[PDB]
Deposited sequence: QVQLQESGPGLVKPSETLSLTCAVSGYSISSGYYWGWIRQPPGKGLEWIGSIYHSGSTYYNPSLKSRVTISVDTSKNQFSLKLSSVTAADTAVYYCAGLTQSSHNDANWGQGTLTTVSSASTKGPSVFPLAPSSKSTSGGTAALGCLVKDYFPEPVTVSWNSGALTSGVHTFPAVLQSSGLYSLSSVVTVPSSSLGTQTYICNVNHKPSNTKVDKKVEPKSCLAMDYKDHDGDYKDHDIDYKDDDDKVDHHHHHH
């Protein structure tokens, strides 16, 4: 059983947030319930609402007037609509359901902001018996970006930092890896950057500099 959220990462103030949860490997009719729980950045969990076997729904009283949860049997998915959003609704949204152990989706960040989507520029952090190298993923909005190295083949020694919000209102993120200095001449290092809100994907080779 796999759950997967999808939906816009950016919503404008006063507009409606819409998310869908695709349920694979299990039928929506056979679940005890399906529901949504959110987590504002750096904070705890807040239940939004659930829809049960019969179709009966229960919502968080502080959100009820703004929440709709529905099931689409034909597409085997369920949905969340949260109307009239504000910055207070910025959060990672999780779909969840019970088929004791509830299944969770991977979560999707939704930012509520008047700012617009902007794709990143990717710059190398070139290395010149351990060497450090990396990629600077600069000036994007909203979060998140994902970074891998050598298409996932390189994971040892990788550190991908939390994004920082610049005074410009755009994010920047660094991802680094430490490798043997003797490898720099023969091993290729590529950072794979994905910013889904702007549909920006970049594979950047980080080459040792001439110093």
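ask   = What portions of the deposited sequence, indexed from 1, have no corresponding C-alpha atom in the structure?
value = In the chain as deposited, 1, 101-104, 134-139, 223-255 carry no coordinates.
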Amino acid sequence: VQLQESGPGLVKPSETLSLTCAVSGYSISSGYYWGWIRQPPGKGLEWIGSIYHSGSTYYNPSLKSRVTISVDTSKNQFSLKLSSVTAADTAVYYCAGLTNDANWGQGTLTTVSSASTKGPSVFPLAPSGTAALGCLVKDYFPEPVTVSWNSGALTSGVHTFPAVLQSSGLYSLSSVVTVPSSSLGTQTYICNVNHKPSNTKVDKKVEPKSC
From here on, numbers count along this sequence of modelled residues.
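ask   = For the C-alpha atoms alone, is the average B factor greater in 164-172 or in 39-47, going by the entry?
value = Higher mean C-alpha B-factor: 39-47.
message = Comparing average C-alpha B factors as deposited, tell me which of 114-122 and 77-85 sits higher.
response = Going by the record's values, the stretch with the higher mean is 77-85.
ask   = Among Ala102, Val137, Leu133, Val92, where is the Cα temperature factor highest, going by the PDB entry?
value = Reading the PDB entry, the winner on C-alpha B-factor is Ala102.
ask   = Considering only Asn150, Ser70, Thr186, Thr146, which residue's Cα atom bears the greatest B-factor as recorded?
value = Highest C-alpha B-factor among the listed residues goes to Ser70.
task = Grab the CA temperature factor for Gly31 from the record and place it in the lowest, middle or highest third of its chain.
result = For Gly31, the deposited C-alpha B-factor lands in the highest third.
ask   = Is the Cα B-factor recorded for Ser24 in the lowest, middle or highest third of its chain?
value = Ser24: CA B-factor falls in the highest third of its chain.
ask   = By its CA B factor, does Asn194 count among the lowest, middle or highest third of the modelled residues in the chain?
value = Lowest third - that is where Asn194 ends up once the chain's C-alpha B-factors are sorted.
B-factor third for the C-alpha atom of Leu109 within its chain = For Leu109, whose C-alpha B-factor we compare with every modelled residue in the chain, the answer is the lowest third.
ask   = By the record's CA B-factor, is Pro61 among the lowest, middle or highest third of residues in the chain?
value = Its C-alpha B-factor belongs to the highest third of this chain's values.
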